[PDB]
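What follows is one structure encoded as structure tokens, with my remarks underneath.
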Amino acid sequence: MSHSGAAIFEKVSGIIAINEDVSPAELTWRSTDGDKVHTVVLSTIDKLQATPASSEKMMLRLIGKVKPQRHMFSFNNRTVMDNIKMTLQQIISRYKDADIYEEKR
Amino acid sequence: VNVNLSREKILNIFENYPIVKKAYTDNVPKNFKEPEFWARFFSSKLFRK
Amino acid sequence: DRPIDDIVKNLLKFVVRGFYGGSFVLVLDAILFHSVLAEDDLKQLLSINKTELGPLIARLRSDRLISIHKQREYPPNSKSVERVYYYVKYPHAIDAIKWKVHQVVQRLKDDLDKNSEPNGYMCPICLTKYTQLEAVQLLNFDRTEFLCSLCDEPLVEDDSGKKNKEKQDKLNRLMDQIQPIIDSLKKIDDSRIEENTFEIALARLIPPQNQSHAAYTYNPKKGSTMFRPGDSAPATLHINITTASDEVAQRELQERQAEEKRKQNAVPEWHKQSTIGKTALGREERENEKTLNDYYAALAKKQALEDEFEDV
Amino acid sequence: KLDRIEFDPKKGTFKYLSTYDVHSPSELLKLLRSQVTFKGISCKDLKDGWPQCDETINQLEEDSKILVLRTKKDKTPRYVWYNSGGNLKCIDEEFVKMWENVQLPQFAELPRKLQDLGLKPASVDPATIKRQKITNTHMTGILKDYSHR
Ligand SMILES: [Zn+2]
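Protein chains in written order, with full-length UniProt numbering: chain X, 1 to 66, 83 to 121; chain L, 247 to 295; chain U, 2 to 235, 258 to 306, 349 to 369, 409 to 416; chain Y, 165 to 296, 311 to 327.
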């Protein structure tokens, strides 16, 4: 699926998933053993950075709007990285538009 | 891509499509706001159908 | 996961469970649950020795139920090591299973056909088999007994006379037991499967360990024309809602744009009029509303980590 | 303070907290099904806190509900896994031996033989896989290359 995949966080391998059923949508990374769990609310994310396809690294960063919070995820397959990146882009853009509307009104 | 909407057009959409009104009334105050609802509706396959 | 993927996984599981031991089932089930799996990760997962893992991997590789992929990995703070990964190449595995099933069935059928033939003869001393035709030319001058050539001893009739029913029973049993594979192969033939590669399999990887030493990545060398045997295979939507103030502002902006457009296409001032005589060019209601509202209210009352990054 | 002891405030007791709270085959099956990886659960720590475990594990092995890795010196259950497949025993040794005897032909020649026998081959021979004086300079650094439209 496009809502889950393998990812590495803080040098720990695990599974990253995107929970959209519960509002607001949140991105949750769980280690393989389950000892480590991380959850980030996408409403806080300001910008979405991604490593170029011409580099051996498959990193993807989410910077939170304000010492701004920074979340880094490393992927294993470029196809998985792209499939996750498009889905994340959609949600980030929608949340930014919602914030813009709220501020304007 | 930018799409423009107005209050009159929103009312026309609700009048012409009762399903949209049904999904709007039960969700606008509960889960997400009207802008997010409209964006999701436009991105959804329901609008295409 | 596609339904054809599920079907082929079930076929592989059944074949391994039925035609192989238990450790084979463990290894192949691990490599089916996960994508390409490193040797160390497999060893840690199954808690089996290298010597024990050896025969299993070797037999599965000979049967082509598991493929191998060796690549050089360079840890940032350790000597590089060539790590071995194990995965399943579905087309090759399916072809091997199909061929082996056909061969087994053909072998049993040929054995039945051979057993249906006459028995033959055997020599107790030299333990030599003689067909009926070959024995017919060795009988003694008395036409009483068949004599061996090397031993000059009477021959003994061969066995397998009574197995005629046993072989048929074996075939009947085997077909029933092997029924599932045939149906799975029918569905597989109906569908089309794409050949798997190390990189492709990495896309479905479930990490075995939190800090597995093996780097589950495929970084091919640049401009490497070397070819190894059997190493190749065949928007954003934004919505804007308007209000009355925005409507009046929009009409005002449209009017301004029209004015700018007409100015852009308008003729210049010098061309508009003949400039001969010019010097040559060179260097209160609010209280009224309030009382209205009060009076109407009275009326109503009365009535009631720094690196390259790309923005996206 | 230790994590291996559970406190009961109803009576004020200190009870042992087993690693895997398993006291029934149903619990064992669900616990094995809940695993997110293929790492077996050790019988050494499963046996602790369970008066009998080998009997239940063998009962499930005969029923093909779980996969059991047994010791070599003597039959004794070790790390077990969930059996995602069917029956663990469904083919006779008389046929297993024939399967072992059958030897696969050369990889490059297998598809041709399968096609000759009328069976659709799901592969191809790898040999067939075809691999596949600038005049003005004061404007330098200004002109973008609109080469195509
Ligand atoms: Zn003889």
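By construction, the Cβ of each residue, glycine as well, lies at the ideal position given by its N, Cα and C atoms.
Q: Assuming X:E26 and X:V41 form a contact by the criterion Cβ under 8 Å, report the distance between their Cβ atoms to the nearest whole angstrom.
A: Counting from 1 along the first sequence, the entry for residue 26 of chain X is found at position 26. Counting from 1 along the first sequence, the entry for residue 41 of chain X is found at position 41. The pair is a contact, with the Cβ atoms about 5 Å apart (cut-off 8 Å).
**Q.** Span separating the alpha-carbon of X:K120 from that of U:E282
**A.** Along the first sequence, read from residue 1 onward, the residue named residue 120 of chain X stands at position 104. Along the third sequence, read from residue 1 onward, the residue named residue 282 of chain U stands at position 259. When rounded, the distance between both Cα atoms is 29 Å.
Q: Spell out whether any CB of chain L is found under 9 Å from the CB atom of X:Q106.
A: One-based indexing of the first sequence puts residue 106 of chain X at position 90. Chain L, which has a Cβ nearer than 9 Å to the Cβ of X:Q106, makes this yes.
Q. At least one CB of chain U closer than 9 Å to the CB of L:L251: is that the case?
A. Taking the second sequence and counting its residues from 1, the one referred to as residue 251 of chain L is at position 5. Yes, L:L251 lies at the interface with chain U (some Cβ there is under 9 Å from its Cβ).
**Q.** Option nearest U:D160 by Cα separation, candidates U:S117, U:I179 and U:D191
**A.** Residue 160 of chain U sits at position 159 when you count from the first residue of the third sequence. The candidate whose alpha carbon is nearest that of U:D160 is U:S117.
**Q.** Quiz: which residues have CB nearer than 5 Å to ligand 1 non-hydrogen atoms
**A.** U:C124, U:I126, U:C127, U:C149, U:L151 and U:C152
Q: Report yes or no: do the region 82 to 101 of chain U and the region 267 to 277 of chain Y share at least 3 C-beta pairs separated by less than 8 Å?
A: yes
Q: Excluding the 5 residues preceding and the 5 following Y:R234 in the sequence, name in chain order all residues of the same chain whose CB lies nearer than 7 Å to its CB.
A: Residue mapping note: residue 234 of chain Y aligns to position 70 of the fourth sequence, counting from 1. Within the same chain, Y:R234 has close Cβ partners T240, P241 and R242.
Q | Cβ pair residue 1 of chain U, U:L139 closer than 9 Å | A | Shown here, chain U extends from 2 to 416; a query on residue 1 of chain U therefore has no answer.
Q: Please name the residue in U:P4, U:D153 and U:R205 whose C-alpha comes closest to that of X:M97.
A: If you number the first sequence from 1, residue 97 of chain X lands on position 81. Ranking U:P4, U:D153 and U:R205 by Cα distance to X:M97 puts U:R205 first.
Q: Mind checking who X:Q49 pairs with in its DSSP beta bridge?
A: Position 49 of the first sequence, counted from the first residue, corresponds to residue 49 of chain X. According to DSSP, X:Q49 bridges with X:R61 and U:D415.
Q) What residue ranges within the region 218 to 265 of chain Y form continuous alpha helix (DSSP H) runs of no fewer than 4 residues, ordered along the chain? A) 218 to 227 and 257 to 265
(Q) Can you give me the C-alpha to C-alpha distance between Y:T183 and U:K44, rounded to a whole angstrom? (A) Taking the fourth sequence and counting its residues from 1, the one referred to as residue 183 of chain Y is at position 19. Taking the third sequence and counting its residues from 1, the one referred to as residue 44 of chain U is at position 43. If I take the Cα positions, the gap works out to 23 Å.
Q) What is the DSSP secondary structure of U:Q72, counted as helix, strand or coil? A) Against the third sequence, residue 72 of chain U aligns to sequence position 71. In the structure shown, U:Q72 sits in a strand (DSSP, three-state: E or B).
Q | Contact list for the region 240 to 261 of chain Y against chain X, Cβ threshold 7 Å | A | none
(Q) Give me the residue from U:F228, U:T129 and U:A136 with the minimum Cα distance to U:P119. (A) Counting from one through the third sequence, the residue named residue 119 of chain U turns up at place 118. Closest by alpha carbon: U:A136.
**Q.** Status (buried if at least 16 other CB within 10 Å, exposed otherwise) for L:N262
**A.** Taking the second sequence and counting its residues from 1, one reaches residue 262 of chain L at position 16. Result: exposed.
Q | Assigned secondary structure, U:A234 (DSSP; H/G/I helix, E/B strand, else coil) | A | Here residue 234 of chain U refers to the residue found at position 233 when the third sequence is read from its first residue. Note: U:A234 maps to coil in three-state DSSP.
Q) Taking the alpha carbon of Y:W263 as the point to measure from, which residue in U:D64, U:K187 and U:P125 has its own alpha carbon closest? A) For this step, residue 263 of chain Y is matched to residue 99 along the fourth sequence. For the residues U:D64, U:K187 and U:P125, the minimum Cα distance to Y:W263 belongs to U:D64.
(Q) Please classify X:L62 as buried or exposed, where buried requires at least 16 neighbouring CB atoms within 10 angstroms. (A) Working through the first sequence from its first residue, we reach residue 62 of chain X at position 62. Buried, by the Cβ-count rule.
Q.
Give me the residue from U:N353, U:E352, U:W293 and U:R351 with the minimum Cα distance to U:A303.
A. Sequence index remark: in the third sequence, residue 303 of chain U carries index 280 (1-based). The shortest Cα separation from U:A303 among U:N353, U:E352, U:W293 and U:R351 belongs to U:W293.
Q. Do you know offhand how far Y:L283's Cα is from U:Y91's?
A. Position 119 of the fourth sequence, counted from the start, is the residue given in the question as residue 283 of chain Y. Position 90 of the third sequence, counted from the start, is the residue given in the question as residue 91 of chain U. Using only the alpha carbons, I get a separation of about 17 Å.
Q: Starting from the beta carbon of U:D415, find every residue of chain X whose beta carbon is closer than 7 Å, and list them in chain order.
A: For this step, residue 415 of chain U is matched to residue 311 along the third sequence. Here the neighbours are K47 and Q49.
**Q.** Proximal chain U residues relative to Y:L268, where beta-carbon distance stays under 8 Å
**A.** One-based indexing of the fourth sequence puts residue 268 of chain Y at position 104. The answer, in chain order, is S63, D64, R65, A97, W100 and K101.
Q) Which residues share a DSSP beta bridge with U:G121? A) The residue given as residue 121 of chain U occupies position 120 in the third sequence. Looking at the DSSP assignment, U:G121 forms no beta bridge with any residue, so it has no partner.
Q: Answer with yes or no whether the minimum CB distance from Y:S287 to chain U is below 9 Å.
A: On the fourth sequence, residue 287 of chain Y is found 123 positions in, with the first residue counted as 1. Chain U contact via Cβ: present.
(Q) Less than 9 Å between the beta carbons of Y:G204 and U:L47, yes or no? (A) If you number the fourth sequence from 1, residue 204 of chain Y lands on position 40. If you number the third sequence from 1, residue 47 of chain U lands on position 46. Against a cut-off of 9 Å, the Cβ pair of U:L47 and Y:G204 comes out as a contact.
(Q) Suppose you measure from the CA of U:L172 to the CA of U:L109; what does that come to, to the nearest Å? (A) Indexing the third sequence from 1 puts residue 172 of chain U at position 171. Indexing the third sequence from 1 puts residue 109 of chain U at position 108. Distance between the alpha carbons of U:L172 and U:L109 is about 7 Å.
Q) Quick one: is X:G14 near chain U, going by C-beta distance under 9 Å? A) Position 14 of the first sequence, counted from the start, is the residue given in the question as residue 14 of chain X. Closer than 9 Å: yes.
Q) For U:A31, which of U:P208, U:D359 and U:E412 has the nearest alpha-carbon? A) Translated into positions along the third sequence, residue 31 of chain U becomes position 30. Here the closest residue by C-alpha is U:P208.
Q) What separation, rounded to the nearest whole angstrom, lies between the Cα atoms of X:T103 and U:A202? A) Numbered from 1 along the first sequence, position 87 holds the residue referred to as residue 103 of chain X. Numbered from 1 along the third sequence, position 201 holds the residue referred to as residue 202 of chain U. Cα to Cα, X:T103 sits roughly 22 Å from U:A202.
Q.
Extract the residue ranges of the alpha helix (DSSP H) inside the region 156 to 185 of chain U, only unbroken runs of 4 or more that lie entirely within it.
A. 165 to 178
Q: Determine the contact status of X:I16 and X:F9, defining contact as a CB-CB distance below 9 Å.
A: Against the first sequence, residue 16 of chain X aligns to sequence position 16. Against the first sequence, residue 9 of chain X aligns to sequence position 9. Against a cut-off of 9 Å, the Cβ pair of X:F9 and X:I16 comes out as a contact.
Q.
Tell me which residue opens and which closes the beta strand (DSSP E) that Y:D172 is part of.
A. The count along the fourth sequence starts at 1 and reaches residue 172 of chain Y at position 8. Start and end: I169 to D172.
Q) Do you know how far the Cα of Y:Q216 is from the Cα of Y:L181? A) As a working note, residue 181 of chain Y is residue 17 in the fourth sequence. As a working note, residue 216 of chain Y is residue 52 in the fourth sequence. If you take the alpha carbons of Y:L181 and Y:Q216, they lie about 18 Å apart.
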